[PDB]
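Chain by chain, the residues run as shown.
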Amino acid sequence: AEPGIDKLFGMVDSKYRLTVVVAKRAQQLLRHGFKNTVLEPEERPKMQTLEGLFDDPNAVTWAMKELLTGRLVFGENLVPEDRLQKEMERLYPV
Amino acid sequence: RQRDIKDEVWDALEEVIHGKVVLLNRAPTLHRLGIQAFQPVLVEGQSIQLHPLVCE
Amino acid sequence: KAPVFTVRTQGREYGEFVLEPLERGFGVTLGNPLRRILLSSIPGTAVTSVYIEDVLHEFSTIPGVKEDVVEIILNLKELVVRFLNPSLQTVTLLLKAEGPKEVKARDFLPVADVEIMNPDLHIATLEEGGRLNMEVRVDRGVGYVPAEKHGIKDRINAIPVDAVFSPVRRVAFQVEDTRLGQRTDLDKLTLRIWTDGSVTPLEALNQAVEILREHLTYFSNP
Amino acid sequence: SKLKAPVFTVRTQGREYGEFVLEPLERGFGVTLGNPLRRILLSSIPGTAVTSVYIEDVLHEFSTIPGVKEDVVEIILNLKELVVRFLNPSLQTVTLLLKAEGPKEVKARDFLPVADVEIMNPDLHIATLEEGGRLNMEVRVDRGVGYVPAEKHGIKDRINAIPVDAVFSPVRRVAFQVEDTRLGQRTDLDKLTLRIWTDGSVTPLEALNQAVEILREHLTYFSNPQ
Amino acid sequence: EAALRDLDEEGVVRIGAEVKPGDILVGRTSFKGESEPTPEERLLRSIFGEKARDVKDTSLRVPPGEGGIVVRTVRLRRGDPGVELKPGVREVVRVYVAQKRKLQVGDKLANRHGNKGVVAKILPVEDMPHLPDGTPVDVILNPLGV
Amino acid sequence: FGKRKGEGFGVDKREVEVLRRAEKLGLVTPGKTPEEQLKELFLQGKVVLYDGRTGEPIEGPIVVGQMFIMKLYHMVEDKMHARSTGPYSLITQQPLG
Amino acid sequence: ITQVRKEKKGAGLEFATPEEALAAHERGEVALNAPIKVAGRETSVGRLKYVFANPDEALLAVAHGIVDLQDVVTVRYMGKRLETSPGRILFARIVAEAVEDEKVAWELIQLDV
Amino acid sequence: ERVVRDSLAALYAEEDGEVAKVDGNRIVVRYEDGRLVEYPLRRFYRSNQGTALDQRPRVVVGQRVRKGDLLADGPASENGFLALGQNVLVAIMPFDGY
DNA sequence: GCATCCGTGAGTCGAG
Ligand SMILES: [Mg+2]
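## Considerations on the overall build of chain C
Line of reasoning, step 1. Helix and strand counts for chain C stand at 4 helices and 14 strands.
Line of reasoning, step 2. Relative to the globule expectation of 17 Å for 222 residues, the C-alpha radius of gyration of chain C, 22 Å, shows a markedly less compact shape.
Line of reasoning, step 3. The C-alpha extent of chain C, read off along each of the three principal axes, is 75 × 45 × 30 Å.
Line of reasoning, step 4. A sequence separation of at least 24 residues applies to 69% of the contacts in chain C between residues at least 6 apart.
Line of reasoning, step 5. Here chain C has roughly 10200 Å² of accessible surface; of this, 47% comes from carbon and sulfur atoms.

## Some remarks on the pattern of salt bridges
Two side chains of opposite charge can pair, provided their charged atoms sit close to one another.
Residue and element names in this part refer to chain D.
Line of reasoning, step 1. Scanning the model with the defined rule gives 90 salt bridges over all chains in all.
Line of reasoning, step 2. Note that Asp-142 is salt-bridged to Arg-140, the shortest N-O span being 2.8 Å.
Line of reasoning, step 3. Assessed through its relative accessible area of 8%, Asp-142 is described here as buried.
Line of reasoning, step 4. Accessibility expressed as a relative area gives 19% for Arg-140, which makes it buried.

## Notes on the interface of chain D and chain C
Line of reasoning, step 1. With 29 residues of chain D in contact, the opposing surface of chain C contributes 28 residues.
Line of reasoning, step 2. Across the interface of chain D and chain C, roughly 2800 Å² is buried in total on both sides, 76% from carbon and sulfur atoms.
Line of reasoning, step 3. Here chain D is connected to chain C by 5 residue pairs in polar contact.
Line of reasoning, step 4. Secondary-structure elements contributing two or more residues to the side of chain D that touches chain C are β1 (7-13), β2 (17-25), α1 (29-44) and α4 (204-220) of chain D.
Line of reasoning, step 5. Sorting elements by how many residues they give to the side of chain D that touches chain C places α1(D) first, with 9 residues.
Line of reasoning, step 6. Its residues placed into classes, the side of chain D that touches chain C shows 20 nonpolar, 7 polar and 2 charged.

## Quick look at the sheet that holds strand β2 (residues 36-38) of chain G
Residues and elements named next belong to chain G.
Line of reasoning, step 1. Judged by pairing direction, the sheet is mixed, and its 3 strands sit side by side in the order β1-β2-β3 without closing on themselves. If you trace the sheet from one side to the other, it starts and ends with β1 (14-15) and β3 (42-43), each paired once.
Line of reasoning, step 2. Where β1 and β2 come together, 2 bridges link them in parallel fashion. Looking at β2, one finds that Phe-15 is bridged to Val-38.

## Considerations on the packing of aromatic side chains
Line of reasoning, step 1. Inspection of every chain in the model, using the stated rule, returns 9 aromatic pairs over all chains.
Line of reasoning, step 2. Between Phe62(D) and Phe44(H) the ring centres are 6.0 Å apart and the planes differ by 85°, which places this aromatic pair in the edge-to-face class. In this pair, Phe62(D) sits in the loop between β3 (47-55) and α2 (72-79) while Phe44(H) sits in the loop between β4 (36-40) and β5 (45-46), so the two residues belong to two different chains.
Line of reasoning, step 3. Accessibility expressed as a relative area gives 14% for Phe62(D), which makes it buried.
Line of reasoning, step 4. The exposure class assigned to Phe44(H) is partly exposed, which follows from its relative accessible area of 25%.
Line of reasoning, step 5. Among the aromatic side chains, those forming a connected cluster through ring pairs are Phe5(C), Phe17(C) and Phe222(D).
Line of reasoning, step 6. The ring of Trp197(D) has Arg173(D) sitting right over it, with the charged end atom 4.2 Å from the ring centre.
Line of reasoning, step 7. Note that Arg5(H) overlies the ring of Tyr12(H), its terminal NZ or CZ placed 4.1 Å from the centroid.

## Details of the sheet that holds strand β6 (residues 80-84) of chain G
Residues and elements named next belong to chain G.
Line of reasoning, step 1. Read from one edge to the other, the open sheet built from 3 strands follows the order β4-β5-β6, with strand pairing classed as mixed. Each edge of the open sheet is held by one strand with a lone partner, namely β4 (51-52) and β6.
Line of reasoning, step 2. Relative to β6, strand β5 (residues 73-77) runs antiparallel, the two being bridged by 5 bridges. Within the sheet, the bridge partner assigned to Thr-74 lies in β6 and is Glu-83.

## Concerning the domain arrangement of chain C
Residues and elements named next belong to chain C.
Line of reasoning, step 1. Domain assignment breaks chain C into domain 1 (1-43 + 166-219) and domain 2 (44-165).
Line of reasoning, step 2. For domain 1 and domain 2, the distance between their C-alpha centres works out to 33 Å.
Line of reasoning, step 3. Each side of the interface is counted separately: domain 1 has 12 residues, and domain 2 has 10 residues.
Line of reasoning, step 4. A per-residue breakdown of the area domain 1 buries against domain 2 is headed by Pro-43, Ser-166 and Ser-198, which together make up 50% of the total.

## So, the environment of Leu96(F)
All names here are of chain F.
Line of reasoning, step 1. With respect to the helices and strands, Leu-96 occurs in the segment after α4 (76-79).
Line of reasoning, step 2. Under the relative-accessibility criterion, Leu-96 is labelled partly exposed at 48%.
Line of reasoning, step 3. In this structure, the C-alpha to C-alpha distance between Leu-96 and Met-75, residues 21 residues apart in sequence, is 23 Å.
Line of reasoning, step 4. With near-sequence residues (within four places) excluded, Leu-96 lies in contact with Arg-83, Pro-87, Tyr-88 and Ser-89.

## Digging into the nonpolar core
Line of reasoning, step 1. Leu34(C), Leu38(C), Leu205(C), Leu208(D) and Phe52(G) are the most contacted members of the largest nonpolar core, which totals 92 residues.
Line of reasoning, step 2. Non-local contacts of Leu38(C), meaning those with residues more than four positions away in its chain, are made with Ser166(C), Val168(C), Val171(C), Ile193(C), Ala204(C), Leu205(C) and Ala208(C).
Line of reasoning, step 3. Core analysis: the next-biggest nonpolar cluster, separate from the first, contains 35 residues, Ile62(C), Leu74(C), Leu95(C) and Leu121(C) among them.

## Quick word on unusual backbone geometry
Line of reasoning, step 1. Residue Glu20(C) is joined to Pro21(C) through a cis peptide bond whose omega torsion reads 0°.
Line of reasoning, step 2. Tracing the backbone through its elements, the reader meets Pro21(C) in strand β2 (residues 14-22).
Line of reasoning, step 3. The omega torsion of the bond from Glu23(D) to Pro24(D) falls at 0°, within 30 degrees of zero and hence cis.
Line of reasoning, step 4. Counting through the fold element by element, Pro24(D) comes out in strand β2.
Line of reasoning, step 5. In this structure, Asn157(C) is a non-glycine residue whose phi angle is positive, near 75°.
Line of reasoning, step 6. By the element assignment, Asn157(C) lies in the loop between α3 (147-150) and β11 (158-160).

## A closer look at the pairing of β5(G)
Successive side chains on a regular strand alternate, one facing one side of the sheet and the next facing the other.
Residue and element names in this part refer to chain G.
Line of reasoning, step 1. Counting buried positions over the 5 residues of β5 gives 5, a clear majority of the element.
Line of reasoning, step 2. Residues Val-73, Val-75 and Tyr-77 of β5 are buried on one face, and the alternating residues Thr-74 and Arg-76, pointing to the opposite face, are buried as well.
Line of reasoning, step 3. Direction of pairing for β4 relative to β5: parallel, over a ladder of 2 bridges. By the bridge assignment for β5, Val-51 is matched with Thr-74.
Line of reasoning, step 4. Handedness of the β-α-β unit built from β4, helix α3 (residues 55-63) and β5 comes out right-handed.

## Some thoughts on the arrangement of the chains
Line of reasoning, step 1. The interface with the highest contact count, out of 16 pairs of chains in contact, is the one between chains C and D.
Line of reasoning, step 2. For the non-touching pair chain A and chain C, the nearest C-alpha separation works out to 8 Å.
Line of reasoning, step 3. Separated without contact, chain B and chain H have their nearest C-alpha atoms at a distance of 8 Å.

## Quick word on the packing of helix α1 (residues 26-40) of chain C against α4(D)
Line of reasoning, step 1. Put simply, α1(C) and α4(D) touch, their axes get as near as 11 Å, and they point 80° apart. With respect to their mutual orientation, α1(C) and α4(D) come out roughly perpendicular. Counting all contacts with α1(C), which are made through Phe26(C), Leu30(C) and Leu34(C), the residues of α4(D) involved are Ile214(D), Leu215(D), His218(D) and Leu219(D).
Line of reasoning, step 2. In terms of residue class, the contact of α1(C) with α4(D) is made up of 6 nonpolar, 1 polar and no charged.

## Considering a nonpolar patch on the surface
Residues and elements named next belong to chain B.
Line of reasoning, step 1. Together, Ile-5, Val-9, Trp-10, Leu-13 and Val-16 line one region of the surface with nonpolar side chains, adding up to about 440 Å² of accessible area.
Line of reasoning, step 2. Inspection of the secondary structure assignment puts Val-9 in helix α1 (residues 7-16).
Line of reasoning, step 3. Using a relative accessible area of 43% as the deciding quantity, one classes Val-9 as partly exposed.

## A short note on the packing of α1(D) against α4(D)
Residue and element names in this part refer to chain D.
Line of reasoning, step 1. Interaxial distance between α1 and α4 falls to 9 Å at its minimum, and their mutual angle equals 110°. Here α1 lies roughly perpendicular to α4, going by the angle between them. In this structure, α1 contributes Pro-36, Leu-37, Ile-40, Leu-41 and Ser-44 to the contact, and α4 contributes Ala-207, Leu-208, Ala-211, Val-212, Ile-214 and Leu-215.
Line of reasoning, step 2. Here the contact of α1 with α4 is composed, by residue class, of 10 nonpolar, 1 polar and no charged.

## Side note on the side chain of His60(D)
All names here are of chain D.
Line of reasoning, step 1. Counting through the fold element by element, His-60 comes out in the loop between β3 and α2.
Line of reasoning, step 2. Judged by its relative accessible area of 8%, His-60 is buried.
Line of reasoning, step 3. A polar side-chain atom of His-60 sits 2.9 Å from the main-chain amide nitrogen of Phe-62.

Reading the values: the criteria
- Residues numbered from 1 in each chain as written, not as in the entry; some residues may be left out.
- Chains lettered and ligands numbered in written order.
- Part of a larger assembly, values for the part shown.
- Heavy atoms only, no water.
- Helix = DSSP H or I, 4+ residues; strand = E, 2+ residues; numbered from the N terminus.
- Rg over C-alpha atoms; globule rule 2.2 N^0.38 Å.
- Contact = heavy atoms within 4.5 Å.
- Areas by Shrake-Rupley, 256 points an atom, 1.4 Å probe, with all protein chains shown as cover.
- Salt bridge = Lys/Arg side-chain N within 4 Å of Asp/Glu carboxyl O.
- Buried < 20%, exposed > 50% of the residue type's maximum accessible area, 1.4 Å probe, protein only.
- Buried area = accessible area lost by both parts, 1.4 Å probe.
- Polar contact = N/O pair within 3.5 Å; in protein donor to acceptor, adjacent residues only side chain to side chain.
- Nonpolar A, V, L, I, M, F, W, Y, C, P; charged D, E, K, R; others polar.
- Pairing = 2+ DSSP bridges.
- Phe/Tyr/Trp six-rings, centres within 6.5 Å; stacked < 30°, edge-to-face > 60°.
- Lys NZ or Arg CZ within 6 Å of the ring centre and 35° of its normal.
- Domains from an automatic or database assignment.
- Core = buried A, V, L, I, M, F, W, Y, C linked by side-chain atoms within 4.5 Å.
- Right-handed = clockwise from strand over helix to strand, strands pointing away.
- Axes fitted to C-alpha atoms, helices over the stretch in contact; angles between N-to-C directions.
- Parallel < 35°, antiparallel > 145°, perpendicular 65-115°, else oblique.
- Patch = residues over 30% accessible without salt bridge, like charges linked within 9 Å, V, L, I, M, F, W, Y side chains within 5 Å.

Shown next as C-alpha cells:
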C-alpha cells in the first residue's frame, strides 16, 4: 500500500479529490523544480543509488508525503488562476 | 544496437521508474480488477512476475 | 567483495543483524546453522527442580496462596538468573515468607555471585496465614531439557521442572535477493535474535559463530 | 557435561569417492555441520571445464563434419564430459590439441599430452570416425567456479571458435548420514558421515577441506559490526 | 566498421556470425525520394561541408529479441542461370539464423495427462529437495494440481 | 536401501522422525522395523526427502518418481514484447497490432 | 499448522490422578493427544505433561522436537492458561506481529478452530 | 515406435544388408542384391514452426541390418521410439509458493 | 388478433 493511504482518504470527501490534489501538487513540484516544497531537509523523500541517497525524483511520492504533513491547503475557488501561477513564478522562478 | 548497451543504462532505468507504477491487465477483463497497478521490480529474464494474492 | 555486517539493537534483549552481499545461496548456508546453534548450544541457566514445604506434588493447591503449584513453577521458568562465577554449575535458592504479601523474585535470599535480572518477577500471592517455604535449583545448561529428561531431585517432595536453559528466546532469519551491479542473484541475510537479557543478542550470535568455527576444526586430524 | 573434540575418520576409494566421519557430536550438529558443507560442496568448489572449441573446417555448432558420425552438437556435448586435472595450481588455462583420422573411434586419450595436465577419463568417447574422415580440433579448458553458460562467458580463442557451456564443479554428488551415538553416560549423540563423489580432478578430501575453508572464511564476515 | 564487421563483400552477413538485435543481416540501399531538404538541413549540411548521399539505408536488421548464429544464406539475382524473380524484383536474399534454446522462466512444460505449467523458478541444485543418497530432484510439481 | 545397508549405513536419525510422523499418518504399521516401514512407504511410492536448504527432512514422506515431461512450443522468447512508439495505421492513425 | 491431532490409543480412559495418566502414557498405554478424563474433567496427556510459561517456550520446545506444532498442550498467554497447539499460538503470533497490534490481533483470530 | 514409423522421420533399411559408410551427412548401405544404396540425411532443416528437423545416424560402419531396421533417428525420436520430452525425477509437493 | 416475413444480433486479448 501507499504510506498513510487510509489517512489520506480520511482527509477528503471523495477519493478522487485526493487523487486530483496529489496530481496537481506534483505538477507544481515539477514545474518549480521542487524548490517550492513544504518538506524540510530531513523529510525529503530519498532514493538509493550506487553513489548514495539522492532526492526521490518521483513528484507524486513527494506530493502525498507533503499532504500528510498538513502544511498544504486545498479546496475550490481559493485563488484566481492568474494570481496563483504568477505569484508562484515570483516566489519560485523557473 | 543491443550489443551497444552499457550497464549504467540499466542503472539509469532503475532511476527512471522510481516510485512509478504500471498497469497489468489480463483478458478477459470482466470487472475492473482485470487491470491493477503495481510498482514494478526490474528482473532479468523474459517473463512478468505476478503476486499470488491478485491471481483470483 | 567483503560482505558488510550491520546491527540494530533494542536494549540487551533484542537484535537485528544484516549481512550483504553474499554469493547465491550462502544466505541460508550461514543462516540455518547459526539458528540451530543459537537455539541449542548457547550456555545459560535454568530452574531444574523445586521443593515446596507442605506441597507434595505438581498439581497440588496451596492453601493461603492463590496460584496453584503449576502456575508457580511456570513463573519460576520465567526467572532469569545470571551466574557471575564462570565455574559455577548450580545453586539452590531459598525463599520463605507469609501473611498478606505478594512474593517477588527479589525475596530470594541473596547468594554468592548471582544476579537476579528480573527482581520484579511475580511468584505467588499470599493471604492472611498463607505460608510459602521453598527451595529451587538453578543449573547452568544449554538448550531445553523437559522435566522427565533430566529428572533431578535434591530431596523427596521436590518436583522437577522443564529446564529452559537457552538465554535465546527466539531466532528468525530471512534471506532475500540483492543486486550488486550486474549481479542480481546475490543473497542478503537478515537475522533477528531475542534474548532473556542474561546474554546479549550480539553476544549470543558471536558465541554461536564461535561454536561453529571451532566445530569446523574437527576435520583436522584422522 | 561439555563435549570434547570428536574422532575424525576418513575412508577413501581412489580419487573418485570418499566417506568422512565425525563422532560424536552434540545432538543436532549432524545437520548443523552436514548441510552447509553439502551446499558449499555442490556449489562453490572450484574445478575445470571446457570453455571453447575450434574444429578445422567448421564455422559454428550447427555444422556437421564429413567422415564423422557425430554432429558438432554431439561432439561438444561429449567434450562437456571431459574431466581434466591441472597439476600446477598456478595454471589457469590449457588448450588441448587433437588431430585424428581414418577408421577409428576417438577418445580423450587421443589428445596430444600436455605437461601438468592429466585426463582423468581417457576412456571418454569423443567422435566416431570413418574412412577419409578427418577430425582436427583445439579445445580450450579453463579453471573456474560453478556453472557458466556459453552465453555468459562467450569465450573464443579464434574466429570460428565455439563457446561451450562450462560446468566447473568437480563435485558430482554429496550425501550425509546422521546416525545415533552414545558415550554411555549420554544418549542421543549423533555421528556425521559425509559421502562425497568427484570427477577426480580434485579429491573428495580436497573438496571437503576447501568447503570448510570457505565456510570459516565466511564466518569471518561477522567480524565488523555497524 | 563495427556495424559492417560481419558482412561479407556483397553485403550479406557471413555464415557462422553471431547476430543480436540491431545487427545487420543483409545490407541494402534505396534511392532517396523527392528531397525537400529543410533550411535546417541546408545550414547543417553547410556547417559540416559533407554532401547528402543519394541513397537511404534500408538494410535488413535483426528484430528486437531475436538473433543467433548465421547457419545459411541464399542469394538470387536477376539474369543468372535458372532464376527468374517476380516482375520488377532485381534480387532476393534469405538468411537462416539458428539458436540453441535452453529452458527458462516463462517457458511451458506439460505431461501426457494434461498437467501443464510455466517454469516459475530455476533453483540451484543445492536448494532442490533430495533423497538420502544425495540425488536431487529435477522438477517439483504442486500436488494441488491433481 | 539394500545397497545402503551393505555400504555400512543404518537408518538416518531423520528417517526415524519422518517414520514417526508417517505412522502418525497411518502410512506405516507401528512396531515394525525402520527398514520394513521405509519399504512400506516405498510401495506407496513415497520416500524420505531432505530439504536442501535446511538439511532437515520434509515432515511427511513424499511422492518421488520419473515423469515424462515435454517442452511445449510456447516460449517467453517468442511471446515477450513491448513498445514505446512505433508504426501507426493508414486511415486510423492508431498503432499497428 | 493450525490443525490439532486426534489420536485413538487413549480411547477415553478415566483417571483419578494426573500422575497415573502420565505413567500410563510412558508405558505406552495412552497416546499424547487422546481425550481422557482425569479427576472429573475431560483432558489430554499432552496438556498436563507439557505446560508452557510463555509462547516462546512452547515454540522453543517445538524447535527441539519435544512437541509438534499440532500437539495439544497448555500455554500461558496474555494472563490466561490456554489449552491449544503451539501451531495455533504461532498463527496468532503471525497475525499479531503482522498488524503490529497484539490486543486487536487477539480479538480477530478464532483460535479454537 | 509405430508413430515414428508411419510418419517418415526415422530412416530404415530397405532389405537385409550391411552398412558400408556412416557419416553425419549420409549413410551408405550394401544390400543382399549387391546394389549400393546411399541415403542422404536431413540436417538442421527448418520446419514450418521453426523447429529443427534433422536425422542422425543410429548405426555404425560394417553393421549387419535386417529389412526394416532403424538406420537413423527423426526429430524427437530415440532409437525409433517417439521422443517428445524427457524423463525427469519429479517430487510432488508444494514448494514455497513457486 | 395471430401468422409470418425481414432484419439484426450472437466474449476478450493474442498470432497470423
Ligand atoms: Mg511437565
